[PDB]
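As structure tokens, the structure follows; a few thoughts come after it.
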Amino acid sequence: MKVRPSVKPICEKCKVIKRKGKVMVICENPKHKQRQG
Amino acid sequence: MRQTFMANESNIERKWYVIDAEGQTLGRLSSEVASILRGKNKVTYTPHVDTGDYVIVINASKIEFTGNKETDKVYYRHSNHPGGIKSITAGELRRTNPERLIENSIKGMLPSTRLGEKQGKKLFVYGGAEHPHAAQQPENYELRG
Amino acid sequence: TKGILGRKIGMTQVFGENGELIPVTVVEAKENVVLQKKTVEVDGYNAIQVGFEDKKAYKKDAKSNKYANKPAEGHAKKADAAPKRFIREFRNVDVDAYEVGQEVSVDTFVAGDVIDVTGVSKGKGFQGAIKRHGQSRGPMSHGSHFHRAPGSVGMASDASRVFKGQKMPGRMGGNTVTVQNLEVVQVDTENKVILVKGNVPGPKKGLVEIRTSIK
Amino acid sequence: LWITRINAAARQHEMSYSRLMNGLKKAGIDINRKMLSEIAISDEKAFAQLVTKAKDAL
Amino acid sequence: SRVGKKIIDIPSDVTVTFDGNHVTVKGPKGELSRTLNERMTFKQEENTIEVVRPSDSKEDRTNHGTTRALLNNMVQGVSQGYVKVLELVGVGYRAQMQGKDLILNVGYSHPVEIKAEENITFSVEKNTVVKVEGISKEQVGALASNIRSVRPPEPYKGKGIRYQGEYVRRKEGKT
RNA sequence: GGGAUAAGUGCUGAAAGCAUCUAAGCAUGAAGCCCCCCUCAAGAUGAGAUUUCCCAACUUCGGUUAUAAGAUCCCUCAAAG
RNA sequence: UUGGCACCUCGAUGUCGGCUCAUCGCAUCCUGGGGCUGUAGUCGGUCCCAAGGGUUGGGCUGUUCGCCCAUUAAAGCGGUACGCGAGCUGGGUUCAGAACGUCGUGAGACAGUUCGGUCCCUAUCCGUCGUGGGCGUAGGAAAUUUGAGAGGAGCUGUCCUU
RNA sequence: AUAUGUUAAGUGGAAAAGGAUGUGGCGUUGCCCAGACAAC
């Protein structure tokens, strides 16, 4: 998990969602998972 | 010509009321009750004597909040010992001791004088639908809102 | 096992089988009787009330605590018993046993039982300095002038006051102390004593209050 | 103090102090706040008649 | 809500009784009920049920597809039922039944005992394949996840409990 | 040891015919939070509870007496100071 | 932190380091829980949650700081008048003596070395640690108690089995 | 208190470059039932 103020898609399969009022992304490879903070 | 009526202790007649805190919002019930503990709803209201009535709040475990207030409405209580600050959320304070929740909310709307302290001693909050004071013969009040 | 009162006699030693030395305290617990019994319907909680050792009967012009007075006489007579010196309540016991007026005998405990003992520690007068709080001395030498005083008490400006927990001289004294997880070494029914492994709070001939261990 | 007492007396006829004074002005009545509250204390019927006129002028 | 408007809800020998707030479902394995919603009302043409949403609010059109799906899952579970099967991979890793309860051997210094719950049926095939049968989809999924979280798959050799059709990313880390 | 949580992990699940830990719901999860353990505590002026003991006349009840249960002054002391 | 400014104090807010005694923040040194790994195992790297407790003896220097010797689970960084001299010391430096280098025609000077060099106060108020007398608690007493609240405690190594 | 609306953050009741399917208002222009917009 990367925690950075700038969250962006790195994949072409990466997806942006909101959970509990926080922006995140999710790909199958766990390196690309991020959340805003 | 100085002619204004002032109330004495040999003039005042206090009566008893019963409020139902069921489906009401804290604060909005509290301000209306606070105005009754003082004689504000009376002619012959005199500010240096106590001229208000007794109130009884009955259900008081059915009181309501609007926002997310039940999880973050901390209360905070210091104790005068180094690092002695304590804490409880509003949600868990009406789950245990709902009577102190409402009593403290209403007393915070009364003056902190020798007379405000005595006026706040007429409150009688209960949790549940019954109370012991049948001998005082209280009426229902039906908040205005 | 559940609860009993006694007096502290002193310390000795005992050789356990396998020949090891065991330091031991002699507690004498005679004349334990169940007085009033409290219930949740009458009082709000369950407990039994025990009286330890009997004093003399009511006398018309008594002037010490050696003779019972009228209210104590009546209370101790409601259960057919003589007046007692010490009276305590036990909440850990089962209240459905213990008829009122029973005698609590010393063999309610058995060798090997783990117990907790509660006494009043013993009496040290105004001692305060490095004896009360286990503090360090200043140097005894080079130029000192600072030996057994306390240090600084607080800071400057920011705290223009001391604080509520500051440790200062003021009588060691006689608090209530519980020692946990001791053990019964041997019970002596004819002399009515219990041998407890270790040492317990208080001076000789003080009250001890044995209970079964909570842990 | 007088305004507090008049406000208390007007809520018993389902008016607030604000609208009662507005209506009394539109009716032309020129009684003090000091007299208006001595009437409300001693003579309730007269105060009721004042309130009806204040209500009719609105 | 396409799924909300596409409310077929074709029943079976299962009878569908309404109690206004909640709904109860009886069938071959039924008698399970759930509290659905307040602002949404139903209508049963002959046997089939259809849902209707008021005021077209986004809250309404979001609760629409959910209330339509919960009834479908709760009536289709009593009819047919739900199953989730998961497989054990690794040397010496074995699990077998203790009647209704289940104990597992997955390389710890102690076996793991997971006692059963109501409306659930464990059954081991060959000391390496475990399936869970039930009528509640959510409860079946919950238990299937809980027994899996005892030893999840590791990426170097794949050993650990695994869903029957789960793809497992495998790494190649050489000494 | 129990209860509720953090980061995290989830189940079911729409909005958005797919997907998705979340928006309705349902779990789990830290030597940290609340209890559990030890001591003080009704001046808690909101002054709580239980058991037992004691109960008077004068009188202008203005108070005067004498007292009850129970204490104390004084004296011999220490396990207390 | 080194500075910029000159707003309180020049009919005095009087001192670096050490000692005694603490108390708070978290931007976490150890111990607890996790994600990713260029994580095979044992070890690590990086990030997220977390302030309950813990966080060493010496040699050299007045030294803060620093280097070194042995340990330890670990030897965290900061605020508190760079916490604390009406609680202590007085090694250092802004006092009178003396000497060296250097500068000065000289009396002298440096901020450069070196040896010597007086540390006052009986606690009134708040604060804090102990310990009593008075009244109150709708009769007066003796004993046993509930617990609203408050304080205390809270660490961690090695070895053996699997 | 009378009307209309916005906010779900206790924002209101202390801050930036940047980041983001949070939700209103307003336009221009694409693909529209001859079948897109996805799933299979």
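Computed over heavy atoms, backbone and side chain alike; hydrogens, waters and symmetry mates excluded. The sequence lines fix the lettering, A, B, ..., with proteins before strands; numbering per chain opens at 1.
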Donor-acceptor pairs under 3.5 Å, side chain of residues 61-72 of chain C to any protein atom, not counting sequence neighbours: which ones?
residue	atom	partner	partner atom	Å
C/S64	OG	C/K66	N	3.3
C/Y67	OH	C/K59	NZ	3.1
C/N69	OD1	C/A72	N	3.2

Mind listing the side-chain donor-acceptor pairs of residues 71-87 of chain B below 3.5 Å, one per line with the distance, residues two or more places apart or on another chain?
residue	atom	partner	partner atom	Å
B/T71	OG1	B/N68	O	3.1
B/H78	ND1	B/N80	N	2.9
B/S79	OG	B/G84	O	3.3

Donor-acceptor list for residues 35-42 of chain C side chains, cut-off 3.5 Å, not counting sequence neighbours:
residue	atom	partner	partner atom	Å
C/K37	NZ	C/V95	O	3.4
C/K37	NZ	C/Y98	O	3.2
C/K38	NZ	C/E89	OE2	3.1
C/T39	OG1	C/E41	OE1	3.4

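For G/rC19, the paired base is G/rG87 (Watson-Crick or G-U wobble, both distances below 3.5 Å). Shown here, G/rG101 forms a base pair with G/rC110; the pair counts as Watson-Crick or G-U wobble because both key distances fall under 3.5 Å. Within the shown strands, nothing qualifies as a pairing partner of G/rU61 under the Watson-Crick or G-U definition with both distances less than 3.5 Å. Look at G/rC77: its Watson-Crick or wobble partner, with both distances under 3.5 angstrom, is G/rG25. G/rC5 is unpaired under the criterion used here, namely a Watson-Crick or G-U wobble arrangement in which both key atom distances are under 3.5 Å.
OP1 or OP2 of G/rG151 lies within a sub-4.0 Å distance of a side-chain N or O belonging to B/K86. When the side-chain nitrogen and oxygen atoms of C/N69 are compared with OP1 and OP2 of F/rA71, one or more of them lie within a distance under 4.0 Å. Close to G/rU37, at under 4.0 Å from its OP1 or OP2, lies a side-chain N or O of E/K171. Regarding contacts with the backbone of F/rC11, every side-chain N or O of E/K84 stays at 4.0 angstrom or more from both OP1 and OP2. Applying the 4.0 Å criterion to OP1 and OP2 of G/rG151, one finds that B/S79 has a side-chain N or O inside that range.
Neighbouring nucleotides F/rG43 and F/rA44 do not stack on each other, since their six-membered rings fail either the 5.5 Å centre distance or the 30° plane angle limit. Consecutive bases G/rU28 and G/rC29 are counted as unstacked, their six-membered rings not meeting the limits of centres under 5.5 Å apart and planes tilted under 30°.
Within the 3.5 Å criterion, the main-chain N or O of B/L93 finds no donor-acceptor partner in the side chain of B/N97. Between the side chain of C/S121 and the main chain of C/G202, no donor-acceptor pair closer than 3.5 Å is present. With hydrogens and angles ignored, the 3.5 Å screen pairs a side-chain donor or acceptor of C/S144 with a backbone N or O of C/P139.
Donor-acceptor pairing under 3.5 Å, judged by distance alone, is absent between the side chain of C/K70 and the base of F/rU52.
With rounding to the nearest 0.5 angstrom, the CG atom of B/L123 is 10.0 Å from the CG atom of B/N104.
Not a single side-chain hydrogen bond (donor to acceptor under 3.5 Å, both in side chains) links A/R19 to another residue, sequence neighbours left out. Contacts of B/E70 classified as salt bridge (charged side-chain N to carboxylate O under 4.0 Å, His left out), with partners at least two apart in sequence or in another chain: B/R94.
Between A/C11 and A/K31 the shortest side-chain heavy-atom distance does not fall below 4.5 Å.
Take the nearest nucleotide of RNA chain G for E/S109 and for A/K33: the residue whose nucleotide is more 5' is A/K33. Each of A/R19 and C/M172 lies near RNA chain F, and the nucleotide nearest A/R19 is the one positioned closer to the 5' end. Comparing A/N29 and C/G170 by the nucleotide of RNA chain G whose heavy atom lies nearest to each, the residue mapping closer to the 5' end is A/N29.
Rounded to a whole angstrom, the distance from the P atom of G/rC48 to that of G/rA70 is 38 Å. Distance check on atom P: H/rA8 versus H/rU4 gives 22 Å, rounded to whole Å.
Nucleic acid contact for C/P169: base, since at least one base atom lies under 4.0 Å from a heavy atom of the residue. Across all strands shown, C/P203 has heavy atoms under 4.0 Å from sugar-phosphate atoms exclusively, and none from any base. Among the protein residues, C/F163 comes within range of the sugar-phosphate backbone only, with heavy atoms under 4.0 Å from sugar or phosphate atoms but none that close to a base. Residue contacts for C/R171: at a heavy-atom cut-off of 4.0 Å it reaches the sugar-phosphate backbone alone, with no base atom in range. Within the 4.0 angstrom heavy-atom criterion, only backbone atoms of the sugar-phosphate kind lie near C/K124; the bases stay farther away. Across all strands shown, C/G206 has no heavy atoms under 4.0 Å from either base or sugar-phosphate atoms. Using a 4.0 Å heavy-atom cutoff across all strands shown, A/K15 reaches at least one base atom of the nucleic acid. Nucleic acid contact for B/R77: sugar-phosphate only, since backbone atoms but no base atoms lie under 4.0 Å from a heavy atom of the residue. Nucleic acid contact for C/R91: sugar-phosphate only, since backbone atoms but no base atoms lie under 4.0 Å from a heavy atom of the residue.
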With the criterion being N/O to N/O and under 3.5 Å, what pairs connect the protein with nucleotides 19-23 of chain H, and how long is each?
residue	atom	partner	partner atom	Å
H/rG19	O2'	A/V7	O	3.0
H/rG19	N3	A/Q36	NE2	3.4

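The furanose ring of G/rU61 falls on the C3'-endo (north) side of the pseudorotation cycle, as its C1'-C2'-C3'-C4' torsion is above zero. Judged by the sign of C1'-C2'-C3'-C4', G/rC36 carries a north-puckered sugar. A positive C1'-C2'-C3'-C4' angle places the sugar of F/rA71 in the north (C3'-endo) family.
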* Structure fact -> Heavy-atom contacts, protein to nucleotides 5-16 of chain H, under 4.0 Å, summarised as B (base), S (sugar-phosphate only) or - (none) per nt, yield -----B------
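Of the N and O atoms on the side chains of C/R211 and C/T178, not one donor lies less than 3.5 Å from an acceptor on the other residue.
Contacts between residues 128-157 of chain C and RNA chain F, defined by a heavy-atom separation under 4.0 Å, are absent. Residues from residues 88-101 of chain B placing a heavy atom under 4.0 Å of any atom in RNA chain F do not occur. Contacts with RNA chain G (heavy atom under 4.0 Å) in residues 46-54 of chain C: C/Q49, listed by number.
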* Could you give me the CA-CA distance, side-chain angles and deciding distance for E/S55 and E/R39, then say whether side chain to side chain donor-acceptor pair (under 3.5 Å) is met? => CA-CA 10 Å; E/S55 63; E/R39 291 189 68 255; 2.8 Å; yes
* Asked: What's the verdict on ring-ring contact (aromatic ring centres under 6.0 Å, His included) for B/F124 and B/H131, showing C-alpha distance, side-chain angles and the deciding distance?
  -> CA-CA 9 Å; B/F124 303 115; B/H131 65 83; 9.7 Å; no
* Paired and unpaired positions of RNA chain F as dot-bracket, Watson-Crick or G-U wobble under 3.5 Å, | denoting a partner strand -> (((....((((.............))))....))).||.|..|....|.|||||.(((....)))................
* In dot-bracket form, how is RNA chain H paired, counting a Watson-Crick or G-U wobble pair only if both its distances are under 3.5 Å and using | for bases paired to another strand? -> ........................................
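Checking F/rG46, F/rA69, F/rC11 against the side-chain heavy atoms of C/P71 singles out F/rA69 as nearest. Distance from the side chain of C/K78 is smallest to F/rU52 among F/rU52, G/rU39, F/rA69. The side chain of C/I87 lies closest to G/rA143 when the candidates are G/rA143, F/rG46, F/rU12.
Under 4.0 Å is where a charged nitrogen must lie from a carboxylate oxygen, and between C/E209 and C/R88 at least one such pair does.
No canonical Watson-Crick or G-U wobble pair links G/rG154 to G/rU146 with each of its two hydrogen-bond distances shorter than 3.5 Å.
Under a cut-off of 6.0 angstrom, the local environment of NZ in C/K122 is sparse, with at most 12 non-hydrogen atoms contributed by other residues, nucleotides or ligands.
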